[PDB]
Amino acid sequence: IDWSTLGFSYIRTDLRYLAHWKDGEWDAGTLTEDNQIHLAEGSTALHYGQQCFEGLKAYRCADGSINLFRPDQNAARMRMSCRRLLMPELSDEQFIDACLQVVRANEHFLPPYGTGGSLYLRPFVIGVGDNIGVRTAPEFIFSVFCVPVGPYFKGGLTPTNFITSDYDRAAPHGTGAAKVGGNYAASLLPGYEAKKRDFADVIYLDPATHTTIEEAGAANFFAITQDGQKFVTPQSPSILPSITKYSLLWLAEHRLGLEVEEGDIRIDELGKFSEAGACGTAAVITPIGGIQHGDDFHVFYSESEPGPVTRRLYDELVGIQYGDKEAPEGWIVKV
């Protein structure tokens, strides 16, 4: 109701989309009001961690129209998750369609242009059915629910700090690059410890020889060279391939005129970048004040303000989302 004090917490919205896959196929799908999910006490979703999901948003423009930011990329990636866990995939039709039904029905829950709100969509897939063994499963449920949400862990483009961990949230040859609940389960601990010290989160390093940056179990990482000319994100099979990263990495080259590089970043060489931040749907480029790596707090630009490049990447990206700045063809679906 009040978009002022709106945060990234849960809120029950009128209706949500639901569909079952049994005997080789998905039902037509329908909007329900249940809010609760019902599954066997032996469901693979509960014991063996066979679950996957997405996070996309819907924004309200100053024209009246509703924007969807690259839904096609979300549908795409889930197919990737679904695979990794022997789960049936969903077409870009059943997906975008779901999201559209779940926004149209809950349209009154969409924050109006002005306040930085947005309608978050959490599409998820879990294996159900009676079972006990370590196999896939006889059935599945695909659901899409939304909640009005403002900033995740930021505010007004204001920066925030991060600290490294000893723990690994994803393995070298694991599901680290898939949005499957497993990865996150392993982040809770190191992430909570990271919060008890008034930090934003935790930046995990390569599983093996923790020497280079991965991401933040909540968003990707990206810095900028001192001569503020190059945009950089680490490349690693273990990090989730963010729609936002790949997007930022796009404007970075064609709209802001910057050199771009996907490659390694040593925690041993932070002073190579002038300003750094994390990115994501709920993350939405978040200035990174400093990084603690033991006896070492490293501050790029300001700890109270964002760098100029971080702001340009923000104002451009966010414009596209709310329809303030012409968006590349193909991105953003009207509603």
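Start at 1 and count along the sequence shown; that's the residue number.
As the entry records it, the average C-alpha temperature factor is higher for 247 to 255, out of 176 to 184 and 247 to 255.
When the mean C-alpha temperature factors of 296 to 304 and 49 to 57 are read from the deposited coordinates, 296 to 304 comes out higher. Each of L68, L31, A276, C279 has a CA temperature factor in the record; the biggest one is found at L68. Within the listed group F140, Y113, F162, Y204, the record reports its top CA B-factor for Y113. Ranked by Cα temperature factor within the chain, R79 sits in the lowest third according to the deposited record. Sort the chain's modelled residues by C-alpha temperature factor and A62 lands in the highest third, per the entry. Residue-level temperature factors show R311 in the middle third of its chain, judged at the C-alpha atom. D268: CA B factor lies in the highest third for its chain, per the PDB record. When the modelled residues of the chain are ordered by their C-alpha B factor, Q73 lands in the lowest third.
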